[PDB]
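Here the structure comes first, spelled out in structure tokens, and everything after it is commentary.
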2 protein chains.
Amino acid sequence: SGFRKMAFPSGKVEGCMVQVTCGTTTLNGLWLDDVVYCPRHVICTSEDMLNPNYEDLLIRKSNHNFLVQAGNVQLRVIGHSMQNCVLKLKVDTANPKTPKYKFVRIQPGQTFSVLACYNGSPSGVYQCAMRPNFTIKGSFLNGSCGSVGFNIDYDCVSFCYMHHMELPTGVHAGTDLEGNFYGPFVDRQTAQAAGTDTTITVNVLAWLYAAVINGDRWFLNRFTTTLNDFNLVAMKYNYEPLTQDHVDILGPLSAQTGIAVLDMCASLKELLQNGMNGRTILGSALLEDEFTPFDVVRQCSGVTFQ
Amino acid sequence: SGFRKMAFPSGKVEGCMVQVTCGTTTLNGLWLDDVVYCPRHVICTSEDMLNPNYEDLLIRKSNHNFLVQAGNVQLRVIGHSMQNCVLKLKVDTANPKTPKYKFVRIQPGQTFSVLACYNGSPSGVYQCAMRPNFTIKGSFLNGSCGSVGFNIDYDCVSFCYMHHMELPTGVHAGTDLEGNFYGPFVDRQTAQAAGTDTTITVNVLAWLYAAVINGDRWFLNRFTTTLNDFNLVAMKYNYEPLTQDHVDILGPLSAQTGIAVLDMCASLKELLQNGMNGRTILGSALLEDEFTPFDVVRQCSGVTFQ
Ligand SMILES: *C(=N)c1ncccc1B(O)O
Ligand SMILES: *C(=N)c1ncccc1B(O)O
């Protein structure tokens, strides 16, 4: 037992990180097969980051303008092109440690592991959620551009996120691996800001179910409610709606606890209104919304990867 | 910026996990050079786990009684012996992916990454602290025995922890890699229990300094106190004493914030007495004690590994 914020093992990704240098700017890149992916803003100067025309700035560049280094091994750049917001640098070496992979785009409400990275060297690993407003509350310092987010399905790495920038509130925005941003953000210095966020209701319910499985039952209660009356309360506490599909998805967690899904919503209704009253749940004083039902079924039962 | 619970990248350790089978019991092992380390209770039956004489139960075993499997590759066991509470199985193959490593023993108050593991397959990675009572609040299900904890110093893996069991309160006990338990626990089923714990004061102060660096200043204040008067209050809130060495260690974090160490203790004094008053600190409603000063200087400045 126990419950903790848990990432996938990062070794399969660690074998794909490189550093890309163009001009005076050094960032991270992702090396799969014979291609290195990285944010396209690596070609930009400081005064280019204002109003850039990236088509214009890229035709002014060469194969040799780009330096790639995989640890203590230098890669020859043999081609370059822009796909949406990323640069895609053909190198003369197919990564000998290329895993099975996919490029998927995730939904807000889903989670992923991040491998934060500096000068092509992995520094740390941690779990994240895609916020309803398409930001992520990460930990990234200067030089972490190009660090990726990923999920692992037995032996297959689903890359889902590439880091691009930090917004005013200290949160981060990026793209999927085909270079299309998550949310209404752009790679040119403007006054862009995050936008209003919500709490991910379905995840909170999944985490309450994790706490019952681990022995915190003080917030359980006899009562029930309707899907409709519970949405009246989540609306007023800036929690997103719950659907019959969210209910059907919680089914397996309901049948292991014997707590009908609507019964747990009545619990959540009271937590929202009465607070937690000096107690905690899974060592937290907060209703935690960054675990999905799948995450719970992962830790509170058992699935490994290869 | 940002601040999150962050582990070291796990790839160097992932290359060392195997599964060990003896009788009907399957657990994880650590393969460095030509030796596999694992909890010695793998040789025990169900009714052996009551009052075992491990010297007696091991001489009754053979080299072939032990099956080792590194993924889809089987290892020949050519020798076996007990070192304190672990088994140390000589195999005919030196792990081709043995990293630089050390076997160190950590102090309570220090942190480490765990790679949780099932049938020799890594499942997840997460950061932990050694509690003052020598337990760890982990996430481990049945079959995770032999999973290790570790720190990474540039290219060197300091292995510090091997998991052995789960205690009644859902916390976990284990050994260092020389087989000596952390704390007063034993590998034979008794009524053993965790013992009273404390909050790690020096770490809380380091985390408050992380929140100033990231922009949470609402708990700062003008006042100061003495090292002695602050210990009167930590004594009454079950927080361990603070020493002049803890003060000297916080020095660098004091000079980056301009908040004298004793000034931050007055902050902590008021948080303990007045509560947090419906606010949060680094997305937490709780005073967080599982980051050391080094962890803060790691994320809030920058250090990577290779
Ligand atoms: C990437 N280099 C980066 N990471 C975090 C914040 C800001 C930036 B930036 O685009 O330089
Ligand atoms: C290891 N197999 C283990 N992990 C967690 C809890 C209990 C146990 B046990 O020793 O079987």
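Just remember, in the structure tokens the first chain shown is A, the second B, etc., residues are 1-based per chain, and ligands are 1-based in the order shown.
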Within 8 Å of residue 143 (chain B), counting only C-alpha atoms, which residues qualify if same-chain residues fewer than 6 places away don't, as a count of residues only?
6
Kindly work out which residues sit at most 8 Å from ligand 1, using only C-alpha atoms and all ligand atoms, and give the list as a list in words.
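So, counting only C-alpha atoms and all ligand atoms, the residues near ligand 1 are residues 26, 27, 41, 140, 141, 142, 143, 144, 145, 146, 163, 164, 165, 166, 167 and 172 of chain A; 1 of chain B.
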Let's have the selection written as a PDB file, in the first residue's frame, with N, CA, C and O atoms.
```
ATOM      1  N   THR A  26      21.439  27.559 -26.443  1.00  0.00           N
ATOM      2  CA  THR A  26      21.637  26.132 -26.219  1.00  0.00           C
ATOM      3  C   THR A  26      20.376  25.578 -25.572  1.00  0.00           C
ATOM      4  O   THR A  26      19.905  26.118 -24.569  1.00  0.00           O
ATOM      5  N   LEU A  27      19.787  24.559 -26.194  1.00  0.00           N
ATOM      6  CA  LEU A  27      18.610  23.890 -25.648  1.00  0.00           C
ATOM      7  C   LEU A  27      18.708  22.392 -25.908  1.00  0.00           C
ATOM      8  O   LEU A  27      19.683  21.908 -26.489  1.00  0.00           O
ATOM      9  N   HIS A  41      12.200  27.978 -31.760  1.00  0.00           N
ATOM     10  CA  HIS A  41      12.758  29.260 -31.320  1.00  0.00           C
ATOM     11  C   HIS A  41      14.264  29.194 -31.023  1.00  0.00           C
ATOM     12  O   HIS A  41      14.854  30.227 -30.697  1.00  0.00           O
ATOM     13  N   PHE A 140      10.853  24.019 -14.270  1.00  0.00           N
ATOM     14  CA  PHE A 140      11.719  24.256 -15.419  1.00  0.00           C
ATOM     15  C   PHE A 140      12.496  25.547 -15.198  1.00  0.00           C
ATOM     16  O   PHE A 140      11.888  26.592 -14.948  1.00  0.00           O
ATOM     17  N   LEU A 141      13.823  25.491 -15.314  1.00  0.00           N
ATOM     18  CA  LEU A 141      14.633  26.701 -15.311  1.00  0.00           C
ATOM     19  C   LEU A 141      15.110  27.012 -16.726  1.00  0.00           C
ATOM     20  O   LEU A 141      14.881  26.250 -17.670  1.00  0.00           O
ATOM     21  N   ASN A 142      15.800  28.142 -16.863  1.00  0.00           N
ATOM     22  CA  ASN A 142      16.375  28.502 -18.150  1.00  0.00           C
ATOM     23  C   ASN A 142      17.298  27.397 -18.651  1.00  0.00           C
ATOM     24  O   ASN A 142      18.103  26.840 -17.893  1.00  0.00           O
ATOM     25  N   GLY A 143      17.137  27.053 -19.928  1.00  0.00           N
ATOM     26  CA  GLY A 143      17.871  25.975 -20.547  1.00  0.00           C
ATOM     27  C   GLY A 143      17.117  24.670 -20.638  1.00  0.00           C
ATOM     28  O   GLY A 143      17.620  23.728 -21.255  1.00  0.00           O
ATOM     29  N   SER A 144      15.935  24.578 -20.042  1.00  0.00           N
ATOM     30  CA  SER A 144      15.154  23.345 -20.099  1.00  0.00           C
ATOM     31  C   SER A 144      14.310  23.216 -21.364  1.00  0.00           C
ATOM     32  O   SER A 144      13.555  22.242 -21.484  1.00  0.00           O
ATOM     33  N   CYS A 145      14.393  24.172 -22.290  1.00  0.00           N
ATOM     34  CA  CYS A 145      13.581  24.101 -23.502  1.00  0.00           C
ATOM     35  C   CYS A 145      13.920  22.839 -24.293  1.00  0.00           C
ATOM     36  O   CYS A 145      15.083  22.449 -24.408  1.00  0.00           O
ATOM     37  N   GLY A 146      12.882  22.169 -24.798  1.00  0.00           N
ATOM     38  CA  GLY A 146      13.045  20.918 -25.493  1.00  0.00           C
ATOM     39  C   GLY A 146      12.878  19.675 -24.642  1.00  0.00           C
ATOM     40  O   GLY A 146      12.857  18.559 -25.208  1.00  0.00           O
ATOM     41  N   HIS A 163       8.486  21.026 -24.025  1.00  0.00           N
ATOM     42  CA  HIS A 163       8.460  22.323 -23.347  1.00  0.00           C
ATOM     43  C   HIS A 163       8.987  23.470 -24.210  1.00  0.00           C
ATOM     44  O   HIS A 163      10.016  23.340 -24.873  1.00  0.00           O
ATOM     45  N   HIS A 164       8.307  24.625 -24.136  1.00  0.00           N
ATOM     46  CA  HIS A 164       8.672  25.785 -24.956  1.00  0.00           C
ATOM     47  C   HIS A 164       8.934  27.074 -24.162  1.00  0.00           C
ATOM     48  O   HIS A 164       9.810  27.847 -24.545  1.00  0.00           O
ATOM     49  N   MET A 165       8.229  27.324 -23.056  1.00  0.00           N
ATOM     50  CA  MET A 165       8.347  28.637 -22.412  1.00  0.00           C
ATOM     51  C   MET A 165       7.705  28.618 -21.034  1.00  0.00           C
ATOM     52  O   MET A 165       6.942  27.709 -20.694  1.00  0.00           O
ATOM     53  N   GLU A 166       7.960  29.686 -20.267  1.00  0.00           N
ATOM     54  CA  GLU A 166       7.286  29.903 -18.993  1.00  0.00           C
ATOM     55  C   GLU A 166       6.465  31.183 -19.057  1.00  0.00           C
ATOM     56  O   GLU A 166       6.972  32.231 -19.455  1.00  0.00           O
ATOM     57  N   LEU A 167       5.205  31.088 -18.675  1.00  0.00           N
ATOM     58  CA  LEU A 167       4.259  32.197 -18.679  1.00  0.00           C
ATOM     59  C   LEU A 167       4.404  33.026 -17.408  1.00  0.00           C
ATOM     60  O   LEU A 167       5.078  32.615 -16.461  1.00  0.00           O
ATOM     61  N   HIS A 172       3.815  26.684 -17.338  1.00  0.00           N
ATOM     62  CA  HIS A 172       4.527  26.431 -18.576  1.00  0.00           C
ATOM     63  C   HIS A 172       3.572  26.019 -19.691  1.00  0.00           C
ATOM     64  O   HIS A 172       2.515  25.410 -19.462  1.00  0.00           O
TER      65      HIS A 172
ATOM     66  N   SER B   1      11.203  28.480 -13.205  1.00  0.00           N
ATOM     67  CA  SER B   1      10.690  28.327 -11.853  1.00  0.00           C
ATOM     68  C   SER B   1       9.705  27.160 -11.709  1.00  0.00           C
ATOM     69  O   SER B   1       9.579  26.307 -12.596  1.00  0.00           O
TER      70      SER B   1
END
```
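For residue 59 (chain B), the non-local neighbours within 10 Å, defined as residues at least 4 positions apart in the same chain or in other chains and counting only C-alpha atoms, are residues 54, 55, 80 and 81 of chain B.
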When the cut-off is 8 Å and we count only C-alpha atoms, which residues of chain A are near chain B, given as an MDAnalysis selection string?
chainID A and resid 1:12 14 115 117:118 121:126 137:141 170:171 284:286 299:306
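Rounded to one decimal, CA of residue 43 (chain A) and CA of residue 102 (chain A) lie 26.4 Å from each other.
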Among listed residues B:233, B:57, B:268, B:173, nearest ligand 2 (using only C-alpha atoms and all ligand atoms):
B:173
Mind pulling up the distance from CA of residue 246 (chain A) to CA of residue 288 (chain A)?
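Rounded to one decimal, the two atoms are 16.8 Å apart.
Of note, CA of residue 208 (chain B) and CA of residue 196 (chain B) are spaced 24.8 Å apart.
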With only C-alpha atoms as the basis for distance, which of B:148, B:235, B:36, B:281 is at the shortest distance from residue 216 (chain B)?
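Once distances to residue 216 (chain B) are computed over only C-alpha atoms, the minimum belongs to B:281.
For residue 245 (chain A), the non-local neighbours within 12 Å, defined as residues at least 5 positions apart in the same chain or in other chains and counting only C-alpha atoms, are residues 202, 227, 250, 251 and 261 of chain A.
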Return the single residue from B:58, B:244, B:252, B:39 that is closest to ligand 2, with distances computed using only C-alpha atoms and all ligand atoms.
B:39
Test item, strand (DSSP E) assignment across region 63-292 of chain B, answer as an mmCIF file with C-alpha atoms, in the first residue's frame:
```
data_model
loop_
_atom_site.group_PDB
_atom_site.id
_atom_site.type_symbol
_atom_site.label_atom_id
_atom_site.label_comp_id
_atom_site.auth_asym_id
_atom_site.auth_seq_id
_atom_site.Cartn_x
_atom_site.Cartn_y
_atom_site.Cartn_z
ATOM 1 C CA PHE B 66 17.896 -19.907 -7.078
ATOM 2 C CA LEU B 67 16.549 -18.807 -10.457
ATOM 3 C CA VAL B 68 17.640 -15.398 -11.744
ATOM 4 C CA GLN B 69 16.199 -13.765 -14.875
ATOM 5 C CA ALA B 70 17.342 -10.458 -16.377
ATOM 6 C CA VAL B 73 17.937 -13.746 -20.285
ATOM 7 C CA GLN B 74 18.576 -16.362 -17.600
ATOM 8 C CA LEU B 75 21.558 -16.117 -15.255
ATOM 9 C CA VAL B 77 23.924 -18.900 -10.167
ATOM 10 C CA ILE B 78 27.497 -19.964 -9.308
ATOM 11 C CA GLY B 79 27.607 -18.933 -5.624
ATOM 12 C CA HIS B 80 25.508 -17.728 -2.713
ATOM 13 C CA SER B 81 26.054 -16.317 0.757
ATOM 14 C CA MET B 82 24.390 -14.176 3.385
ATOM 15 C CA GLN B 83 25.665 -10.733 4.420
ATOM 16 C CA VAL B 86 20.580 -9.783 2.254
ATOM 17 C CA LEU B 87 21.479 -12.637 -0.016
ATOM 18 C CA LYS B 88 24.362 -12.208 -2.363
ATOM 19 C CA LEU B 89 24.187 -14.497 -5.373
ATOM 20 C CA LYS B 90 27.275 -14.805 -7.546
ATOM 21 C CA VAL B 91 26.252 -15.181 -11.196
ATOM 22 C CA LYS B 100 29.698 3.636 -11.287
ATOM 23 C CA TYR B 101 28.248 3.088 -7.824
ATOM 24 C CA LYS B 102 28.803 3.293 -4.074
ATOM 25 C CA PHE B 103 26.998 1.693 -1.147
ATOM 26 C CA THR B 111 16.001 12.052 0.678
ATOM 27 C CA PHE B 112 16.337 9.568 -2.160
ATOM 28 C CA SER B 113 14.692 8.289 -5.304
ATOM 29 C CA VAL B 114 12.994 4.877 -5.382
ATOM 30 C CA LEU B 115 12.436 2.676 -8.423
ATOM 31 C CA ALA B 116 9.481 0.456 -7.481
ATOM 32 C CA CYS B 117 9.656 -2.956 -9.124
ATOM 33 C CA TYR B 118 7.725 -6.193 -9.848
ATOM 34 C CA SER B 121 10.374 -5.001 -14.257
ATOM 35 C CA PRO B 122 10.499 -1.356 -13.100
ATOM 36 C CA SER B 123 7.014 0.075 -12.669
ATOM 37 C CA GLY B 124 7.485 3.660 -11.340
ATOM 38 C CA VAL B 125 9.890 6.208 -9.843
ATOM 39 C CA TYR B 126 9.345 8.633 -6.962
ATOM 40 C CA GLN B 127 11.182 10.673 -4.334
ATOM 41 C CA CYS B 128 11.249 9.737 -0.608
ATOM 42 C CA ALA B 129 12.584 10.849 2.742
ATOM 43 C CA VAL B 148 16.146 -0.098 -4.199
ATOM 44 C CA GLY B 149 16.564 3.565 -3.288
ATOM 45 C CA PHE B 150 19.386 5.690 -4.616
ATOM 46 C CA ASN B 151 21.019 9.086 -5.128
ATOM 47 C CA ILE B 152 22.965 10.212 -8.216
ATOM 48 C CA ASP B 153 26.144 12.317 -7.974
ATOM 49 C CA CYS B 156 27.816 7.950 -9.702
ATOM 50 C CA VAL B 157 24.891 5.989 -8.229
ATOM 51 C CA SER B 158 24.872 5.948 -4.411
ATOM 52 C CA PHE B 159 22.599 3.040 -3.544
ATOM 53 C CA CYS B 160 21.167 3.612 -0.078
ATOM 54 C CA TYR B 161 18.001 1.504 0.473
ATOM 55 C CA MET B 162 16.585 -1.993 -0.219
ATOM 56 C CA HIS B 163 12.886 -2.608 0.522
ATOM 57 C CA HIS B 164 11.989 -5.516 2.836
ATOM 58 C CA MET B 165 8.445 -5.241 4.276
ATOM 59 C CA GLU B 166 5.374 -3.168 5.111
ATOM 60 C CA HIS B 172 7.852 0.531 4.984
ATOM 61 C CA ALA B 173 11.115 -0.680 6.499
ATOM 62 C CA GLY B 174 14.288 -1.879 4.804
ATOM 63 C CA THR B 175 18.085 -2.118 4.925
#
```
